[PDB]
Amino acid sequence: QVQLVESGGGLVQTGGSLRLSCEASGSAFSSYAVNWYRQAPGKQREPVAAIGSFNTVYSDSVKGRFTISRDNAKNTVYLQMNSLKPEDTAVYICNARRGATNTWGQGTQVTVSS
């Protein structure tokens, strides 16, 4: 029973960084894992990273460049994206997962250009 909103997108130089936020309103946020996905126009949606209370999982496409972190005092999950490449351009969207139930945000645009 949460609602999610993403922020932090933008248009950034190749090699640069962004930090996305997934902010939740509603009860018991700490009982949801939080997953980031990304999707470019014309393409399928792909998994990026996930965090539980503290353990994390990364797609091989972003390992070593992205870091997901969590602050339950702010009901927020962060995706720090370093060493960005043009191919990272996509809408990034977060997903709160509690057991088999899934809630989704809206998306924030990330565009990387040299």
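Residue positions are given as counts along the sequence shown, with the first one as 1.
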Practice problem: Name the higher of the two by mean Cα B-factor in the PDB entry, 70 to 78 versus 83 to 91. | Solution: 70 to 78
Exercise. Taking the mean of the C-alpha B-factors per stretch from the entry, tell me the winner out of 55 to 63 and 30 to 38.
Key: 55 to 63
Practice problem: Report the third (lowest, middle or highest) to which the CA temperature factor of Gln106 belongs, ranking only the modelled residues of the same chain. | Solution: middle
Quiz prompt | Record-listed C-alpha B factor of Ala96: chain third | solution = lowest
Exercise. Grab the CA temperature factor for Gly16 from the record and place it in the lowest, middle or highest third of its chain.
Key: middle
